[PDB]
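First comes the structure, then the notes that go with it.
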Amino acid sequence: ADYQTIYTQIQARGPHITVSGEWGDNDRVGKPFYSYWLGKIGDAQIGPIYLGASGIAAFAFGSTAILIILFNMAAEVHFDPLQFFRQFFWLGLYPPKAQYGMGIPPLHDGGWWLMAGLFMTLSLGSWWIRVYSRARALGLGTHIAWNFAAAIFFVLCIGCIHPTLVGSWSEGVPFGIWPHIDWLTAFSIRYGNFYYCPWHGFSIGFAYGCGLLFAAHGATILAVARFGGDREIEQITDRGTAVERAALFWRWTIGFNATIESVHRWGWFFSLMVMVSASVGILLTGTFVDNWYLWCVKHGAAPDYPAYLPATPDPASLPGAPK
Amino acid sequence: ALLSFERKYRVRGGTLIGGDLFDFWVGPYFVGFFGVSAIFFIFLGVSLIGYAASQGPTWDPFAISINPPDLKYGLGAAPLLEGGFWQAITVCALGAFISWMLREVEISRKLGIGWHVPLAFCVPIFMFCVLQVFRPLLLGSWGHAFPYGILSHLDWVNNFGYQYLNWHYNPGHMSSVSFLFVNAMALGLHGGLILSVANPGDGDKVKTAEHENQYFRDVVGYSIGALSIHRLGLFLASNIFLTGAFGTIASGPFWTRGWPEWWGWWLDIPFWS
Amino acid sequence: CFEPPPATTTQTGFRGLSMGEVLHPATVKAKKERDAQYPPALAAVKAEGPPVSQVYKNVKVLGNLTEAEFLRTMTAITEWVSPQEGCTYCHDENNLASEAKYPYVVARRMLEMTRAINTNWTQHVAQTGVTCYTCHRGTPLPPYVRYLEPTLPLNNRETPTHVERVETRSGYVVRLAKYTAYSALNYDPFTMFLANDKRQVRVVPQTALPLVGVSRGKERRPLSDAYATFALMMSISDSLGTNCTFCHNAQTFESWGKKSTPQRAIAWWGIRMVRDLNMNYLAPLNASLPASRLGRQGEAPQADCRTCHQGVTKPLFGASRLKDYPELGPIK
Amino acid sequence: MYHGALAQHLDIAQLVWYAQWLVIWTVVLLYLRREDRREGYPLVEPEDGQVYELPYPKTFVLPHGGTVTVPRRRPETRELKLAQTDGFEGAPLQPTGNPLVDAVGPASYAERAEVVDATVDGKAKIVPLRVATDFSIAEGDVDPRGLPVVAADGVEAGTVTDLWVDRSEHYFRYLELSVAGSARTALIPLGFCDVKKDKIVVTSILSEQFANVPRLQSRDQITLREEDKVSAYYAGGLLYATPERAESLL
Ligand code: BCB
Ligand code: BCB
Ligand code: BCB
Ligand SMILES: C/C=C1/c2cc3[nH]c4c(c3C)C(=O)[C@H](C(=O)OC)c4c3nc(cc4[nH]c(cc(n2)[C@@H]1C)c(C(C)=O)c4C)[C@@H](C)[C@@H]3CCC(=O)OC/C=C(/C)CCC[C@H](C)CCC[C@H](C)CCCC(C)C
Ligand SMILES: C/C=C1/c2cc3[nH]c4c(c3C)C(=O)[C@H](C(=O)OC)c4c3nc(cc4[nH]c(cc(n2)[C@@H]1C)c(C(C)=O)c4C)[C@@H](C)[C@@H]3CCC(=O)OC/C=C(\C)CCC[C@H](C)CCC[C@H](C)CCCC(C)C
Ligand SMILES: CC(C)=CCC/C(C)=C/CC/C(C)=C\CC/C(C)=C/CC/C(C)=C/CC/C(C)=C/CC/C(C)=C/CC/C(C)=C/CC/C(C)=C/CC1=C(C)C(=O)c2ccccc2C1=O
Ligand code: HEC
Ligand code: HEC
Ligand code: HEC
Ligand code: HEC
Ligand SMILES: CC(C)=CCC/C(C)=C/C=C/C(C)=C/C=C/C(C)=C/C=C\C=C(C)\C=C\C=C(/C)CC/C=C(/C)CCCC(C)C
Ligand SMILES: COC1=C(OC)C(=O)C(CC=C(C)C)=C(C)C1=O
Ligand SMILES: CCCCCCCCCCCC[N+](C)(C)[O-]
Ligand SMILES: [Fe+2]
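Residue numbers (UniProt numbering), protein chains in the order written: chain A, 2 to 324; chain B, 2 to 274; chain C, 21 to 352; chain D, 1 to 45, 54 to 258.
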């Protein structure tokens, strides 16, 4: 088998290349250093890193957020450092627990949450500009920036757009390792089991799809590494045996196939779709659906099983039956 | 019928078993010994599914569910209507998945390429065995498998996870999730990048490998390279199941409390207890 | 860290739903032995002589029994609540009718509670019923009680570490987490749902589309209610040492009928029974116990599910004395 | 009365649900599946079906002058030394002569540009080290220069004399070796090389088949098409190096 697929047997070193952008070639700072071990499975060169205005802004806003969280968290273990390092995962900055609606809640109850929310939004936006313009500056398409927009949107949805639509800040995601995980369940429970939200399904469908695709696509390229399948741009502009054999693999296997360029469109789409689908579902939840399960029951799709232990009537609606 | 360039590649040979006997195409499809066995298994399976679905209560594709036997049956054969079909169908899907993978090997051999695809395809097949065979074996009954049904299998995933109070805290799951997420993101970037380079638009000029790497070096200080992103991809995605399998195999046979509690090893080091 | 196989599994839902208990034989056996120290019922002494409501001075509650019977109950009452301290724990060794020591006034209040439980809440306890043991387990203070704030260790028969001590402020999240099966649910299910009956457990909508006039802005329950119910269900699960599929088919937490096991109903009645226990019997006792027994807000200690179940789905694995000491319930 | 209800018990969700499948199938069938046809189409034997399935030719403005436009009709009127094993439509072909030299089966190359692949600047991309003298074997990897090359028959075949480096990425793509007793130098792609401490093992071909490895035009550069021809040669070995390699493994 082609060992070159596993790791790079013989590394090469040469002068570090630079491709000149339409601006901020002066903002690239750094001493581009190499790395023998990183070279076995990747490119040895690390740096230099491009700064720029937007990149810095991101870090400003970003850390303001991190500080606002990390501080509320240190506060949560009464500023004792050893306990903070111990209970880290369990600590969180939460949104307003009481119902204040869309009014700005007090700092002691989701005030700080709303704050860090805003700064993370600001950070995310900034970073987008960087991702967007870097493509411009280098004379490249803006596919990455558009895809990244989907992701940012979805965050806004579960962050505040949804809370807004149902009109309550209490609905947003808590900042924190376990606490943001807990929200997943509190939210699924509240809206009648996300397994039953079709967009949840679409999002999951695509996310597994990306799993399938990248697994397949990557394997394919490695399987045609001996013909330089890796050299994708030129296989696009000048098809070669590499992508011919790739294509004929799939065609002989599943009955159709793509082109070395098109597949990246499939890939790009599926990715994009995970976030678009996620967003569509979240938008509907609470706004136009209250119990996803019952909703599938209404349209007759939810399945049913016979009883195993005896069926059990809600005792709350028995004649008798207290408060 | 053939692609503009396909004719030259259509030679005899590459098979693992049979030789010339099944060495031919039918439409775009390569057959081979394993295409034959694959077809046999797919036919039985879909039949069994279709036929067992017919003793079911419904024909709505979303509600049809064919389920394994009750726990009490252990590892022995169960009556058809009580999870026998499920057991047959399970054997069929395994025969199919394997034929399919082995067939892909013959195809890569004819084409003189890597076996990387059928190999990567073992990951999904493996995880399916963890769910329907290995874990069930470890807990002593096929009754532990998931039911075949578009929505109903979600019901099983649901309940299986709540059997452990909060499956999110399962460390094998935390791993797997993170790979799932990051992989979807990588496919976004990689697919996006190539497209961003062959399609700058405005009839600007197609760019270079140099440009690819330049892009990421700029945005995040590093760029893994072309052949490298492909390997990293296969790795990220394969790990969704390779690490996830531990989280699954562990729930029951190796751990019976909620997962949150499992984090006691950390929370409860006497030192900071 | 990682419990070794095999695992005892049971099925609580239709085949293929992965509903049911998952248990570690080692841990079960260990609890079976802890729960096996329930003293056997004393040999039965026959009904002869006059009702003790004349033959003794101060016998309010148990007044229907002969002296032969009344003494046997007092022998058992002793094994259950203070087999270490003898009788003299509540009494004065000469003045037996003396309400001198407070364990006396209280033990009576408890006698009615026991009797109320085994008579009214047969929807929960049924044929098994409780005795003083169920909770006390051989000590005046029962091992598992709750205060108006989360406390550690859960079993008070162990020495708290510094951080477990309720006065340590930085130890809060962990006292809270350990009440909720180790989750990070920022809610105390006990004071919220078990002390009184102010809050409603249910949080999931009962219709497919959002009902108008309770679905927008300031008219809505905040999402935090859902968190908190999830906390109670964590807590309950842990208290019986069981998982959600013991009661619910996760497909829909909100639905009963085929979606719920009969134990779900039983649990429902339990929640009511605890609210009664606490509001009417245990909580009032704060005007009769040493300020030392009280909590940091003068609350008397109260009961959650654990108090009786102590890690088992049926407390003491179902062991019952209901027939052996019928003076405890049900009152005929 | 509920939010999201529409006349005759349809809800917004239910609509959006149909809208989503519509959007997905559009993008899949009308867009993506068509893009997939920018190469290889139209199939070899002006029907309606075939106009419908392709998209409007896009044009690539190349970086170093020119354009390429796809899809376009690209007839493979290169000779093919293949005869048929049987009558039926789906039957396989097979080589009449020497597959490796005739370039058929797993040994086939594409009609790629007779051009040389360039860097972002112009200099040829894939050059040997004797030219790219500012490039080095990295700090602590085997230097194959001088090591023997051992073929599938375990017989020595030549001596590694140079490594050819991709200059755009920093990556070694071929070893250049000397076919022992043929006064000729040959390239082999690093994919086919087991690079040891003391030798290079190649199992693609037998030793004496190194003779016929496609020769380059210039000796210090390689064309996109030459890269295929070379790669393809060794690939062909996997299946053809002996009579037994075409047969069944088990
Ligand atoms: C441990 C957790 C598991 C899980 C959890 C899960 C969730 C949480 C969700 C799904 C969903 C989906 N799952 Mg399930 N699943 C499915 C199949 C599917 C699809 C019905 C659907 C979309 C999947 C997808 O797009 O993938 C990517 C692959 C792509 C895009 C290629 C196309 C594949 C095609 C869509 C699948 C065809 C399925 C057929 C309807 C069933 C087979 C037909 C029979 C007659 C041969 C199969 C075949 C298996 C097998 C063989 O094991 C499986 C196992 C599992 N699923 C695990 C048990 N799955 C989603 C859904 O909405 O279900 C209703 C969803 O939300
Ligand atoms: C019990 C509760 C459950 C639940 C609750 C749930 C909810 C509530 C939601 C999902 C959603 C989703 N779920 Mg589900 N889920 C999924 C899979 C999926 C995802 C495909 C999908 C999208 C979420 C995402 O990708 O976030 C990862 C990607 C994110 C978060 C984007 C972040 C990118 C960001 C721009 C990068 C920023 C990072 C910054 C550097 C950070 C710095 C910040 C600093 C400054 C503070 C699977 C496979 C399963 C299985 C197998 O069981 C499952 C089960 C469950 N989910 C349970 C049923 N899930 C979402 C959805 O689609 O609903 C319809 C959603 O809202
Ligand atoms: C309340 C319960 C929950 C739960 C319960 C759960 C369980 C019980 C398990 C997972 C597992 C996993 N979960 Mg989790 N989960 C996940 C994500 C993940 C997946 C990455 C991972 C493995 C998926 C799998 O088993 O594929 C399996 C898919 C397979 C095997 C596909 C088989 C491929 C087959 C060979 C080919 C198919 C052939 C087709 C029939 C062909 C059809 C022909 C047509 C198409 C032509 C997310 C993102 C979330 C979020 C965001 O909340 C979440 C929440 C939840 N999970 C809930 C908390 N989840 C698994 C895991 O690893 O846990 C550690 C697992 O066991
Ligand atoms: C299906 C498709 C998906 C998708 C898509 C895409 N996702 C993208 C992109 C696209 C297309 C990009 O293009 C963009 C990018 O860049 O690609 C390289 C990006 C992003 N995806 C991130 C994370 C991510 N994606 C997730 C999810 C998915 N994404 C889904 C799956 C998840 C999940 C699910 O958890 C995560 C966590 C980041 C890497 C990056 C944001 C950078 C940022 O927004 O930074 C924000 C700005 C900051 C400053 C944060 C950094 C702060 C650190 C701690 C530094 C502070 C310490 C300081 C040094 C100390 C000072 C000391 C001083 C006093 C002396
Ligand atoms: C970590 C790496 C992963 C990965 C990777 C790869 N994935 C591959 C490959 C590689 C490399 C291939 O090479 C191969 C292929 O050719 O791709 C085009 C393939 C394939 N991935 C499929 C489905 C898929 N991949 C998933 C996930 C991952 N992919 C993960 C992420 C998931 C989900 C849900 O996660 C799904 C559903 C098929 C499309 C295809 C199998 C064809 C087949 O097997 O034909 C033979 C079998 C059939 C055509 C049908 C089977 C008939 C049986 C007898 C009856 C069915 C019974 C069944 C059990 C009932 C289902 C119940 C259901 C409602 C719950
Ligand atoms: C009664 C009954 C039901 C039984 C009969 C069963 C029946 C169907 C039998 C038919 C009888 C026949 C015709 C004869 C036998 C012939 C035979 C063995 C064929 C089997 C037929 C068969 C079962 C077909 C099913 C095929 C099938 C599994 C298809 C699934 C396809 C799916 C959904 C996969 C998802 C993957 C996906 C999203 C891909 C989209 C993009 C693609 C094509 C990527 C592939 C691809 C990638 C990934 C690259 O990286 C790449 C790089 C460079 C160039 C090309 C490519 C490229 O094409
Ligand atoms: C629970 C603490 C407790 C312990 C332990 C206990 N007692 Fe009692 N004793 C009480 C209470 C309370 C009453 C009141 C009975 C009633 O009101 O129905 C009582 C009443 C009595 C009376 C009646 C007093 C009178 O003359 O009016 C006698 C006699 C008695 N117990 C004997 C015993 C004996 C003998 C034991 C040991 C075998 C014992 N007690 C152990 C608390 C206790
Ligand atoms: C439902 C659980 C439960 C049952 C059943 C129960 N107890 Fe109690 N007991 C408690 C709680 C809670 C307290 C208050 C905390 C405390 O004072 O230890 C308490 C307090 C007491 C005390 C005072 C303990 C002290 O030293 O402060 C005595 C004595 C007592 N009970 C006796 C009894 C007797 C006798 C019975 C049988 C009639 C009984 N208990 C049944 C839960 C229970
Ligand atoms: C010991 C039995 C039992 C177990 C175990 C249990 N539940 Fe419950 N659950 C109940 C009962 C009873 C109710 C109803 C309480 C009421 O209405 O007063 C309920 C209510 C709920 C509700 C509210 C649904 C509605 O109608 O609004 C949710 C959600 C829920 N449980 C989820 C869970 C989760 C998650 C777990 C696992 C952590 C769990 N349950 C474990 C018995 C149980
Ligand atoms: C007063 C003591 C006591 C308290 C407090 C208590 N239980 Fe019970 N529980 C019992 C007894 C006694 C039984 C009888 C077991 C039997 O029927 O065999 C029981 C039975 C049950 C059962 C049925 C078990 C089965 O396998 O059928 C469930 C479920 C249950 N309890 C849940 C709860 C929940 C939830 C709480 C907290 C709201 C709670 N219990 C509080 C004493 C108690
Ligand atoms: C009128 C104005 C004031 C109100 C509107 C402002 C506005 C737009 C608010 C919306 C805010 C939003 C979108 C909030 C969304 C928050 C979300 C989705 C948070 C989700 C997860 C966060 C997590 C897991 C953060 C955990 C944080 C920590 C563990 C501490 C921080 C340290 C780190 C190293 C960050 C983790 C980064 C990761 C790669 C590991
Ligand atoms: C096309 O090739 C690619 C690279 O090298 C040129 C990358 O560095 C990267 C990004 C590298 C990291 C570590 C995100 C991607 C996604 C890629 O697709
Ligand atoms: C649930 C996510 C939806 C993903 C859609 C799956 C795409 C598969 C497309 C196969 C196309 C079939 N064909 C040959 C007609 O093109
Ligand atoms: Fe690629």
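Backbone N, C-alpha and C define an ideal beta-carbon position, used for all residues, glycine too.
Restricting attention to D:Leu-224, D:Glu-147, D:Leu-185 and D:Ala-191, the CA atom closest to the CA of D:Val-209 is found in D:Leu-185.
The segment 160–211 of chain B contains, as complete alpha helix (DSSP H) runs of 4+ residues, the segments 172–199 (chain order). For the segment 59–86 of chain D, the beta-carbon criterion of a distance under 7 Å to any beta-carbon of chain B is satisfied by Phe-68, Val-69, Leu-70, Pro-71, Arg-82 and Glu-84.
Of all residues in the segment 206–233 of chain C, only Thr-227, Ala-228, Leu-229, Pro-230, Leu-231, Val-232 and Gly-233 place a beta-carbon less than 9 Å from a beta-carbon of chain D. Contact between C:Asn-78 and C:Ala-117 holds: CB atoms are separated by about 4 Å, below the 8 Å threshold. For C:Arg-316, not one C-beta of chain A is nearer than 8 Å to its own C-beta.
Around the beta-carbon of B:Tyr-216, 16 or more other beta-carbon atoms lie within 10 Å, marking it buried. Set against 7 Å, the gap from the CB of C:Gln-317 to the closest heavy atom of ligand 8 is not smaller. In the structure shown, B:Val-37 falls within a helical segment according to DSSP collapsed to helix, strand and coil.
Of all residues in the segment 50–78 of chain B, the ones placed with a Cβ closer than 9 Å to any Cβ belonging to chain A are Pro-58, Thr-59, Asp-61, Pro-62, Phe-63, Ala-64, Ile-65, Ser-66, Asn-68 and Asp-71, in chain order. Taking 8 Å as the threshold, the shortest C-beta distance from C:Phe-266 to chain A does not fall below it.
About 7 Å separates the beta carbon of A:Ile-47 from that of B:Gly-222, a gap short enough to meet the 8 Å contact definition. The alpha-carbon of A:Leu-92 is positioned some 13 Å away from that of C:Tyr-207.
Taking C-beta separations shorter than 8 Å and ignoring five residues to either side along the sequence, the partners of D:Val-187 in its chain run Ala-165, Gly-166, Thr-193, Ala-194, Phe-218, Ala-219 and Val-221, following chain order.
Distances taken from the Cβ of B:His-231 to the heavy atoms of ligand 14 include one shorter than 7 Å.
The shortest CA-to-CA distance from A:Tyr-101 to any of A:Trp-170, A:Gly-287 and A:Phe-72 is the one to A:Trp-170.
C:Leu-196 and C:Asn-176 do not touch by the CB rule: their CB atoms are close to 17 Å apart, not below 8 Å. About 11 Å separates the beta carbon of B:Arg-13 from that of D:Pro-114, a gap too long to meet the 8 Å contact definition.
Pairing B:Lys-111 with D:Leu-108, the inter-Cα distance amounts to about 14 Å. Interface annotation for the segment 240–271 of chain C against chain B: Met-254, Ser-257, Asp-258, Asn-263, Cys-264, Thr-265, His-268, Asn-269, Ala-270 and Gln-271, criterion Cβ-Cβ distance under 8 Å. Here the C-alpha atom of A:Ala-317 lies approximately 34 Å from the C-alpha atom of B:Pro-69.
By the neighbour-count criterion, in which a residue is buried when 16 or more other Cβ atoms sit within 10 angstroms of its Cβ, B:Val-47 is exposed. Under the Cβ distance rule, A:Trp-114 does not count among the residues neighbouring chain C, no pair being separated by less than 8 Å. Apart from the 5 residues on each side of it in sequence, B:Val-183 sits with its Cβ closer than 8 Å to the Cβ of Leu-237 in its chain, given in chain order.
Using a C-beta cut-off of 8 Å, the segment 118–127 of chain C makes no contact with the segment 135–151 of chain C, since fewer than three inter-stretch Cβ pairs fall below that distance. Scanning chain B for C-beta atoms nearer than 9 Å to the C-beta of D:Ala-243 yields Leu-112, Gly-113 and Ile-114, reported in chain order.
For A:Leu-123, the enclosing alpha helix (DSSP H) starts and ends at 112–138. Of the other Cβ atoms in all chains shown, 16 or more fall within 10 Å of the Cβ of A:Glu-233; this residue is therefore buried. DSSP, read as helix, strand or coil, puts A:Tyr-8 in coil.
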